[PDB]
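Next up is one chain by itself, shown in C-alpha cells, the form deposited in one PDB entry.
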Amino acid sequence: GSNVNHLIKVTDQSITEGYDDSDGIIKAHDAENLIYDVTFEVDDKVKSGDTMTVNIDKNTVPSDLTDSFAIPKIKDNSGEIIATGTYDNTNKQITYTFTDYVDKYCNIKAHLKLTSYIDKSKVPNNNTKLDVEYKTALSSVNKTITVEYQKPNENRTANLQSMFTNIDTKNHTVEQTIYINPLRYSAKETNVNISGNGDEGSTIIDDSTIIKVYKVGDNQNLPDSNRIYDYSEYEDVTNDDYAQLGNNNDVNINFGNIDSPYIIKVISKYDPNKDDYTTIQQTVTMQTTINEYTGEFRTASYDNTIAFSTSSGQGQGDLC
C-alpha cells in the first residue's frame, strides 16, 4: 500500500463557477460554489490498498455549512466501489485509497466532479483576489477569482444582514449569524424579529431556540464573511428577559436604543418531513423608531436559504 500519484494520468481538469453569470467572481453569499472536474487513468499496476491525492484550493472547504463532509466514493455504474477517500482540512487534501477493484479490472479510468466553497476563516474580507489551485496527483490547474460578500440591507436607521453558518442535518438544526446595526447608526427602540416564516420554506422558532447576542466593540472587527469563528472575542450580552417568542413561529428581541453593531447567533430547528415549501428558510427583520414626534418606525429585512451542491466520482474498467 503506497502512494501511486505517479501512476495516475490526468486527461482533463477544469475549475468552474457554479453560476453562469458571475465570472471571476464568487458570490460566496449566494452559495456560488467552485467546481473541480477531473478525469484520470489509473495504471494497471496500481493495487488494492494503494492511495492517491487530490488538492482543493487552500482557501476553500468541501462545504461551507458543516464540517463532517464525506468525499465522494469512486464507483462505476456496476455499483462496485473503486476507491473511497478521506479529507485533511489542515492541508485541504483528499486521499483516495483503492479497493479490491484495482486488482480485478484493467485499463481503469475515473472522473470526479468535486464541489467546493470559500473557507471564510481564511477569507474574511470582501473583494479578496485569489489564485485558487486544484490538483489531482501531479497535474494542477489554476484560475483567478475574486471573492465578494453581501452588503447590509437598510432603511433609515434600520439595517442588517444575516447568513446561515451551520447545519446539523442529523439533528435538524441550523445556525444563523445575524449582524444587527453593522453601520453604527443611532438606532432608537430597535426590535429584531426572527421568523421561521419564510416565503419559500421555513424553520421552527419556539422555546427550544438558542439565542446569543454579542456587542461589537468600538471599531472592533466584523468580518464581511458574516461568520464568527471565535465568539470569545466579543462581549456577550445575552439576556433572555429581552427575548419573547411571538404568536407566529417567531421571536422578538428588544435592543432599545443602540449605537453599536451586535451579533446574534441563533440556533433553530427545522422539520425535515414537509411535502411542500420544503426549503429551510429564516427571516430576520429589524425595526426601529425613526421619529420621536410621530412614533413612526422603519424596517429592514434579511432572510437566508440553505443551498448546497453535491460532489461525486464515477469510474470504469475492463476485466483483466
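One rule holds for the numbers: they count along the sequence shown, beginning at 1.
There is another form of the same protein, the form deposited with a partner chain bound; it is not shown, and what comes next is about it.
Colleague: Work out which of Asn191, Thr115, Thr136, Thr99 lies within 4.5 Å of the partner chain in the entry with it bound, going by heavy atoms.
Modeller: Only one option qualifies, and that one is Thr115.
Colleague: Tell me, which of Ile228, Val123, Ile167, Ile145 has a heavy atom within 4.5 angstroms of the partner chain in the entry with it bound?
Modeller: Flagged contact: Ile167.
Colleague: Pick from 45 to 53, 23 to 31, 286 to 294, 250 to 258: which stretch has non-hydrogen atoms within 4.5 Å of the partner chain in the entry with it bound?
Modeller: Result for this chain: 23 to 31.
Colleague: I'd like to know whether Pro152 contacts the partner chain in the entry with it bound, with contact meaning heavy atoms within 4.5 angstroms.
Modeller: Flag for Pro152 set to yes.
Colleague: Find out whether any non-hydrogen atom of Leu65 is located within 4.5 angstroms of the partner chain in the entry with it bound, and reply yes or no.
Modeller: Although the partner chain is absent here, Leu65 would touch it in the entry with it bound, with heavy atoms inside 4.5 Å.
Colleague: In the entry with it bound, is there a heavy atom of the partner chain that lies within 4.5 Å of any heavy atom of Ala307, even though the partner is absent here?
Modeller: Yes, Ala307 sits close enough to the partner chain in the entry with it bound that at least one of its heavy atoms falls within 4.5 Å.
Colleague: So in the entry with it bound, does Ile35 come within 4.5 Å of the partner chain, heavy atom to heavy atom?
Modeller: It does not: once the partner chain is placed as it appears in the entry with it bound, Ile35 has no heavy atom within 4.5 Å of it.
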